[PDB]
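Next up: just one chain, as structure tokens, the form deposited in one PDB entry.
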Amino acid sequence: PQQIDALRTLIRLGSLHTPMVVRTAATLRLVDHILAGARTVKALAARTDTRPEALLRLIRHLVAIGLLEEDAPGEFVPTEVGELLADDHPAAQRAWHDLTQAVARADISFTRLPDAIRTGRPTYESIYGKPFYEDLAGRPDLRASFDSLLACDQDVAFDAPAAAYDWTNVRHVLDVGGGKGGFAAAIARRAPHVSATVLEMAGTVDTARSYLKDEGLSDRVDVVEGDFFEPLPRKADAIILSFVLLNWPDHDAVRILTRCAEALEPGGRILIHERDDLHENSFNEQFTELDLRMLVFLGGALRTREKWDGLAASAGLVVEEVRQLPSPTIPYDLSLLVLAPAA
């Protein structure tokens, strides 16, 4: 028959057990345990304290989808795909699929995706009892997990956007929602004359300060606890919004942008580090995974290039320049948008 391939494709795409099998394997650290020598069901069950027959049934699906393969009778090893769940693999896919860590936990919000399409509003609170950042505020362990997921490569992940801007006429930088300070730190190393301030929430400010202390940068990058919907704590020649605005619906993103514009020194610029696909180029899996996560986690949104033009104008700004940022590590297209005050 001719629709057999189509039927197989639809069933795979619609399968909820397959991603949960991947995330279960990640959460149980199965691939790590296999690499450390536990190749049989009976050894792996003892290492994970799972029930042996139930673990075999999980492993069977892991083989079926090509993450594991049966080497010898009853002995399993990771494939090239499965090896990506090793804890120290540079793409960090084990942690990003670990159900006890903040993002895969938040992905359970997708079980109520019909509600989010009807309302345009997040479903996270309906599952976990508080909106996303309030939940993180009440669970410092999840706050720390989220911060480390985003900041994993922060020793070098922010080098490209910091190198993509000319800091010669910048004296003070304000990184609004600046995470653990990785972006501020990368700017400080590249532009030694610059002083920087990180504005962040409780909890995150402490690991930011602690990170900057380890880096020897406390004298050049300070950390302020605060709320970026309130007046910003100081003015700056460059104000950074790195993976901030996508957390927020249009009206909140305009309020944040407005606060930033109000805090700009003369000649200053606002720097947005995010995606900016043209609408025509946005029908791709990288854009939609992040965009739909922002919907169900937060009620935020990724913005196409067209929408950035509109959002800037609403905040009194113009898009002066968009710099494409190289990710020759793993292809994830990101941009640095440079916004200036409108005429």
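Rigid core: the largest C-alpha set superposing within 1.5 Å between the two forms. The first residue of the sequence shown is number 1, and the count goes up from there.
### Message
Compared with other deposited entries of this protein, is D206 missing coordinates in at least a third of those that cover its neighbours?
### Response
no, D206 modelled in all other entries.
### Query
Any chance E83 is unbuilt in a third or more of the other entries we compared?
Per the records, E83 is modelled in all the other entries.
### Query
Mean C-alpha B-factor higher for 172-180, or for 209-217?
According to the entry, 209-217 carries the higher average C-alpha B-factor.
### Message
Tell me which stretch, 287-295 or 46-54, has the higher mean Cα B-factor listed in the entry.
### Response
According to the PDB entry, the answer is 46-54.
#### Entry: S15, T329, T24, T9, ranked by C-alpha B-factor: the highest one
That would be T329, according to the entry.
### Query
Going by the entry, which of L136, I187, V77, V156 has the most elevated CA B factor?
Each of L136, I187, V77, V156 was compared by C-alpha B-factor; the highest is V156.
### Query
For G310, does the deposited CA B-factor place it in the lowest, middle or highest third of the chain?
Ranked within chain, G310 CA B lands in the highest tercile.
### Task
Sorting the chain's modelled residues by C-alpha B-factor, tell me whether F228 ends up in the lowest, middle or highest third.
Middle third.
### Task
Would you please rank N247 by its C-alpha temperature factor against the other modelled residues of its chain and give the third it falls in: lowest, middle or highest?
Lowest third - that is where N247 ends up once the chain's C-alpha B-factors are sorted.
### Task
Place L278 in the lowest, middle or highest third of its chain's C-alpha B-factors, as listed in the PDB entry.
Middle third of the chain for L278's C-alpha B-factor.
### Relative C-alpha B-factor of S126, binned into the chain's lowest, middle or highest third
Tercile = middle for this residue's CA B-factor.
The next section is about a form of this same protein that is not shown, the form deposited in another entry.
#### Entry: Which of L62, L317, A26, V296 is displaced between the shown form and the other one by 2 angstroms or more at its C-alpha, rigid core aligned
Just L317.
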